[PDB]
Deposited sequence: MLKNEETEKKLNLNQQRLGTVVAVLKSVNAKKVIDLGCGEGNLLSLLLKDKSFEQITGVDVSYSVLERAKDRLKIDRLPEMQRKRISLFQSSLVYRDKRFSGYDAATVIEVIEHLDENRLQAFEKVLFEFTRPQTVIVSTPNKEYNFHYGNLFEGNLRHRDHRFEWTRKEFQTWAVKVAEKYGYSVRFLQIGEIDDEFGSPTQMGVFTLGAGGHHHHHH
């Protein structure tokens, strides 16, 4: 329920900017989608993932085929490699990117940046990713490997550059309790279209 607070923060930011149509790029099992559906202010909720299997799990977890008609019309899910200009990315007020960028290599990240800030180009973009430094402060072996997480400097440097490259302004947030010098477990950049 630690992630529940993180996702809750994303929802609050969206509401704070009055976003009514939201697209979650890399929706996974739809944990954010679930929270969005609980707030009637969100008129269109769209989840996108690279994996067919994941999306199938999401729809099962969201029990979409059981939701009332009015609720079913608010949500949409579809598969995408997040590399090409897909017309289905257009028209949203905000795009959310949670647990995505820290998994992309140089080529895929650059491609995703275009898709996000040039193709989708919503008024607000919310990017959330782990603060690697948090793990510096001393159970699956692979899950214990945090080398691919970004430090706060790496994330902010990246955010500032893309914001500048695509005509967005960006601000940073610290999600979770701050551990003095190691920072919080999660870092978030909120991008706003325009300078």
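- In sequence order, the deposited residues that have no C-alpha coordinates form the ranges 1 to 11, 150 to 154, 212 to 219.
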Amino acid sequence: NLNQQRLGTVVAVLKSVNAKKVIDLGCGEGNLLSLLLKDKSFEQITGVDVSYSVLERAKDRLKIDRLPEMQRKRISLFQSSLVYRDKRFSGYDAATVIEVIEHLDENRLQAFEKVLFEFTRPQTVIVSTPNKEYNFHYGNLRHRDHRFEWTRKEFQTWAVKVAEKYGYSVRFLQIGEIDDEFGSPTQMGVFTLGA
From here on, numbers count along this sequence of modelled residues.
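- Between 12 to 20 and 170 to 178, it is 170 to 178 that carries the larger average Cα temperature factor according to the deposited entry.
- In this crystal structure, the stretch out of 39 to 47 and 126 to 134 whose C-alpha atoms carry the higher mean B factor is 39 to 47.
- For the set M188, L2, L193, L7, the PDB entry puts the maximum C-alpha B factor at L2.
- Sorting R142, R147, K153, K161 by the CA temperature factor given in the entry leaves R142 at the top.
- The deposited CA B-factor of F89 belongs to the middle third of values across its chain.
- Among all modelled residues in its chain, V83 ranks in the highest third by Cα B-factor.
- Sort the modelled residues of the chain by CA B factor and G26 lands in the lowest third.
- For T96, the recorded CA B-factor ranks within the lowest third of the chain. Only modelled residues enter the ranking.
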